[PDB]
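Below you will find one chain, with nothing else, as C-alpha cells; this is the form deposited in one PDB entry, and questions on how it binds or moves follow later.
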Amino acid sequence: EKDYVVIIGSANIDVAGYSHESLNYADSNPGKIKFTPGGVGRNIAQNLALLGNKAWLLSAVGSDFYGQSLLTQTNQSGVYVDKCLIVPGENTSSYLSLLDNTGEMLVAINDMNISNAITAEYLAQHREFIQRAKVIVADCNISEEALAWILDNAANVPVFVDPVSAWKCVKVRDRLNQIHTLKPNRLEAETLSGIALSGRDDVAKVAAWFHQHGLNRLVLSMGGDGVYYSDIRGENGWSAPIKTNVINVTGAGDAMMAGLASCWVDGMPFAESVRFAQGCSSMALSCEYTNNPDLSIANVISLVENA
C-alpha cells in the first residue's frame, strides 16, 4: 500500500481499418474496423498496472463520450485515471490507420492536439502527488513547457523519458541532465546526438555523447541488433533481442519502458532490468493488441529465462 508510479503522457483511441476484398477507391469498401486504446503514456500506464504497480495516469481527453470510455477501459486495466484532465469543447485524440488484408499500413492520420492540454498548470495542480511517486514516466508527446515543468519539479524523483519519435524527441536534447533514463531507438539517438549509427562501433560514440551532455542512463533500442545500455558511472553492455514471433510491432516500446520503470521500483540492477524490459517488449510483439493482456511479472520472467 502507497508506493505508486505517475505516468504523464498522451491517451488516444487507435482506429485500425482494413478492407477485406481489395480497395475500390472513392467507395465504401466492406472490411474490419477495430477500436483499441492507444497513446504512449496511457499504454505504458496500462503495462505498469499489468506488471502489478499502482499506476496513476496524468493525461488529457475530450468532453466527448468516447474519451470517457477510453478512461473507463484504461481504469479496468488497473490504472487510476481519476486525475486525468477532461477537456470541454474539445475532442479525444486519435490515431487513424488504414491497412490491408496482409496488415501493412497503407496510410495513417493522427489528431493529437489535446496533448497540449496537458499543461504545466495542470500538473502543478498535482505537484505534491507527483513529487511523492516512486518514479515518474513521461512521453515526449507533451509540450516542451510541460516536460520542462516535470523535469524542473521532480524533487529528486527519477524521471524515465520516452522520446516517442524522431520529431518529438528533440525537446529532450537540452535537458538530458535532468533525465534518469532515456529510451531512444536508432533514429531518435542519431537525431539527438547528431552522430550517425552506421555500425555498432558507433554506439559507444553515441553513448559517450549522451553521457557528456548529462544523461544518467541510456537504453538504446537497435531493433534486431538488440539493446545497448549505458550508465554514466561506466557500466555498459549489449543485450541480444528476445527471439519472438512478431505478429504486431505496436506497443513494443511501451512495454519496454514499463518494464524499465517497474524493475527500477523493484530494486533490480540495470542490466537485468533491461533484459526484463526486453521480455516485456517481446510479449507485446507476440500480441495483436498494443497491450498484451497476458503481460505479467511471472510470464515475462518465464519468457526471459527461456534463453
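Note that residue numbering begins at 1 and tracks the sequence as displayed.
Beyond the structure shown, there is the form deposited with a small molecule bound, which is absent from this document and is the topic of what follows.
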Using a 4.5 Å heavy atom cut-off, are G38, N43 and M112 all in contact with the small molecule in the entry with it bound? yes
Considering the small molecule in the entry with it bound, find the one stretch among 160-168, 183-191, 118-126, 70-78 with heavy atoms no farther than 4.5 Å from it. 160-168
Any of the heavy atoms of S10 lying within 4.5 Å of the small molecule in the entry with it bound? yes
Taking the small molecule as it sits in the entry with it bound, is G251 near enough to touch it, meaning that at least one heavy atom pair lies within 4.5 angstroms? yes
Is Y95 close enough to the small molecule in the entry with it bound to count, meaning some heavy atom within 4.5 Å? yes
